[PDB]
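Order of writing sets the chain letters: A, B, C, D, E, F, G, H and I. Residues in each chain are counted from 1.
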């Protein structure tokens, strides 16, 4: 088993999203974290050859 | 500017074409050797070489002709200077980007003549084949091709 | 010039009008409507969802 | 009959030309439309024909 | 009689419809400009059908691009060659054996 | 050539002539075999290097036996013009448990009629199914043998592939079935597009 | 009258009077000439067609 | 190594280019996709000097030639714009179309691209300008020929079975106040020399 | 708001998209520029699934679909690049010109300036496989028509002032020369058998 920087970063993003939802704001943070997480999703799905 | 001349490019191209000619001559000798062996059960083999003239030297000679025309024209030597400048700047761009295959083509006698292989009729000398590499094959064809050429 | 910039940014109804004083009244109407009707409800839905 | 049609057509083009002439004068336009009567009354023909 | 009656009613319908159309747009921002354009147009001779064929600088909206000239789009005629029918099937003696040293 | 014929029968996209490479390349191909290519020739008009230049038809097949029952697979590849590219080639794939459906019968049927008569032959016959499109052909093949297409790929490359240069590739691609969730992750990412649009 | 029915009848009548030499009534295709002449009688407003 | 743009973005942008415009009610997916990355769209098109306008209130997108680094220009002269410029005969129909479009919008709302007219209604309108050659065959022929040219510019769908047509809303962004004003100016200029 | 691509690169890009080609003989300085900036080019093109193939021997840049490997449809389908299948006359002329280019480079090497080919010899060659439409005038006229069409695809120059023409190095990268040569040999053999 190995947790590559990719999976490590995704789990970091999961923690970040948890953190962002907890903080209440103009939606900037919650949206930001959710969006970067979905961005990792999209990047993986797109560049599935890398 | 009048002291500027084509003497620089003529000697360089003369030496380069001398290298190309030497390559082709020794290829002819190797062909003589290749005329003695038989490659396939019913063929003998020959090597090939053609002459490469790059877009780089094409533009070089276009700029040379336009420079000669610029000497016909007179605008205080500024069109003359611009033509010679484009030419020398292209030369220096080839030297600077020597890595790019275009510059290599512009400077390299090895680039300046391409190579290929062909299969020969031992009986008549006729030809129906020319291979650039060794693709296709059944196993063993590659072996013969590689061994012979190598 | 700023009316033209407004149209350059425009996305909807402002095409009905040009870059002249007569278009100004509609500019103001739309500014009010954006500030009052649009922006708060859009924020409502966005944050809610 | 062939002439009555010409009369209608002439009255039509006249009316339309004029109302292009009245670009902004809603008064006449609404005055025509609100009326029940035909907008193409070329009576010299129309009425006799009727 | 009915022929002329219908030729009348049709034109009546068209003019009433034009009346309704001009009425609403008679003042709307663009509509007033359009009417201005209509009247300036009235002056031109439309029977000059191919000389007032004159280009105006209207905006270029809906500019599609297509038919990009890529060499790959080229393909060559399917020249049918029908020297014979494909009926041959036999196994032949081409599976027979005889070999050298 | 014969091994390549087999691999063509089996796989969607086999590495032809893989053996000459040693396991990492293929440089012959379907149409070359269909047209009997043998070498470059003069490359300007010479048809000697290409044996079957005119309208030609090619067929290959094989038959195995488990528990006495024999399954034969086949394929047909015919051109109708001097055109020398894949697009101008017409296809058939064949899948039969009836031993009587031999390559000879199928070739006879084609001689008797084009693709339409081959469809009619499929209608008439039992224990026979044939497909001009390879997707359905290999789908039926795979739900018949109960081994995924990945299996056949490993089979082909296994014919050669003596290197095993490094295990990681061999296993991850050739051996192991695939269920990486790129599509599923996209699915998730796409559910959020709605929210993104209200945001925008 | 149907347009081409008229073309036909006119071409028939045209050939009848080709003997009127000075007006050079077409011979190689009187039907085409009937068409090229109905064009004229429309363009000259003798016959509106509807 | 590589940074392939979102393949979805590639689909949407390439389609949009293929048609010059793009309508929601027809192809909402690529439409929303471009709505999702209008900046990326723009920067993709920017090298080509092609730029995207937007109309959400009717469900439209479309290209429009940029005007930079060779100021202003007659847009049409750009190499990539693929058709010949509108000509005032077309424009004469264009004005009528726009009139009908705005008139229908001002009573059915802006909630549809289904602004419709029957061909026969146009006939009187042109008849005033292009005159009355007195043969329905000629006038209707010229009418459909004009309409055809316009659908070439994409403004109006071709006739249906019921001799009725749908105005494409892109018409509105053609019959701009600003552009109409430049047009009226140049037209009065023509009047002044015709006299 | 956004920065704007280098004007020269945008120029070369737009030209290359109008004509699928850029050449030392046509825009040689743009040719040098793109050669120094190919990454910019491909980056611009890749959202559209477009990409250049290059030819430094013959001073030719050209386009080519960039789509990836192992597609769902065995052959690529591209929203923009619509495909043509030429009539026999054109295809035959192309094959003729292709083997002409090959012969010229055989005798003169790669990149050697093309010699001009005479309509005077073309009309015979067409006569080899096309018979006669009714006159030499018709032969020459249709030859020039097809040459116009070919120049339309950029594969040749215009009919020059001396009723010769020159070949465009784009020929060096046609779709499938095997299709050309198979057809050419088949045609000559067919006519030899028929006679």
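Points worth noting:
Here is the rule we go by: a contact is a pair of C-beta atoms (placed from the backbone, for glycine too) under 8 Å apart; a residue touches a chain by one contact, two chains touch by 3 or more.
Contact with subunit E and subunit I alike is made by F, H. Shared contacts of subunit B and subunit I, meaning chains that touch the two of them, come down to F. The greatest centre-to-centre distance from subunit H, using averaged C-alpha positions, is reached by B.
More C-beta pairs touch across one of D-H and G-H than the other; that pair is G-H. Chain centres here are Cα means. That of subunit B falls 86 Å from that of subunit D. Taking each chain's centre as the average of its CA atoms, subunit A and subunit B sit 55 Å apart.
Spacing of subunit A relative to subunit G, judged by their CA centroids, is 83 angstrom. One finds 42 Å separating the Cα centroids of subunit E and subunit F.
The set of subunit G residues touching two or more other chains comprises 50.
For subunit B, the set of residues touching two or more other chains is empty. Annotation for subunit H: residues 4, 17-18, 78, 80, 124, 128, 173, 176-177, 181 touch two or more other chains. Those residues of subunit I that touch subunit H in the complex are listed here as 2, 4-5, 7, 9-10, 13-15, 17-18, 44, 46-49, 78-80. Put simply, subunit E touches subunit F in their complex at residues 75-83, 85-89, 91.
Residues of subunit A that touch subunit F in their complex: 27, 31, 34-35, 38, 41-42, 44-45, 48. Note for the complex: subunit B touches subunit I at residues 50-56, 58-59, 62, 90, 93, 100-102, 105, 113-114.
Of all residues in subunit E, only 1, 3-4, 7-8, 11-12, 14-16, 18-20, 22-23, 26-27, 32, 35-36, 38-39, 42 touch subunit D in the complex they form.
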